[PDB]
Amino acid sequence: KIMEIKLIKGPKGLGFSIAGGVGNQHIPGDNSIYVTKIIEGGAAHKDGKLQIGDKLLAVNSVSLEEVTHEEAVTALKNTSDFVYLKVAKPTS
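Just so we're aligned, residue 316 is where the sequence shown starts under the entry's author numbering, counting upward by one.
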């Protein structure tokens, strides 16, 4: 299940933590970026769509598939104010 989440970047960012990445696998065999924590009162929390365990596909034009952890952190920190976050809700 793929969805697009609309977020306004707050002073402290998008308001979630990530794990994963090429060379830093969160799930054995998977390079994907995963949401690990939703920050209380942050943009992602207030929107209510994003959940722990969701896979990030893209942040605006930037793919987060088959990227390093540092690449995804950079991407998420340096987005514009208005963010279209594409995510995949896990099945298992």
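In this text, a Cβ means the ideal position worked out from N, Cα and C, and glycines have one as well.
Residue range of the unbroken beta strand (DSSP E) whose run includes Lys-361: Residue 361 sits at position 46 when you count from the first residue of the sequence shown. No beta strand (DSSP E) contains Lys-361, which is instead part of the alpha helix (DSSP H) from 358–362.
Extent of the continuous alpha helix (DSSP H) to which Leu-391 belongs: The sequence position of residue 391 within the sequence shown is 76, counting from 1. The continuous alpha helix (DSSP H) containing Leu-391 extends over residues 384–392.
C-alpha distance - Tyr-349 paired with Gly-368, whole-angstrom precision: Within the sequence shown, numbered from 1, the residue matching residue 349 stands at position 34. Within the sequence shown, numbered from 1, the residue matching residue 368 stands at position 53. A straight line joining the alpha-carbon of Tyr-349 with that of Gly-368 spans about 6 Å.
Reduced DSSP secondary structure (H/G/I, E/B, other) of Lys-316: What you label residue 316 is simply residue 1 of the sequence shown in a count that begins at 1. Note: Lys-316 maps to coil in three-state DSSP.
Reference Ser-332, options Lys-404, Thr-406, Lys-352, closest by Cα: To locate residue 332, count along the sequence shown from 1; it is residue 17. Ranking the options by Cα distance to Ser-332, first place goes to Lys-352.
Residues near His-360 by beta carbon distance below 7 Å, same chain, minus five either side: What you label residue 360 is simply residue 45 of the sequence shown in a count that begins at 1. For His-360, where only same-chain residues beyond five positions count, the Cβ hits under 7 Å are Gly-330, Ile-353, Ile-354.
Beta-carbon proximity list for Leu-372, same chain, < 8 Å, skipping 5 on both sides: Position 57 of the sequence shown, counting from 1, holds the residue named residue 372. Take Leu-372, set aside five residues on each side of it, and the residues of its chain with a beta-carbon closer than 8 Å to its own are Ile-317, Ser-378, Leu-379, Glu-380, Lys-401, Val-402, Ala-403, in chain order.
Cβ-based burial, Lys-370 [other Cβ within 10 Å; buried from 16]: To locate residue 370, count along the sequence shown from 1; it is residue 55. Buried, because 16 or more other Cβ atoms sit within 10 Å of the Cβ of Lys-370.
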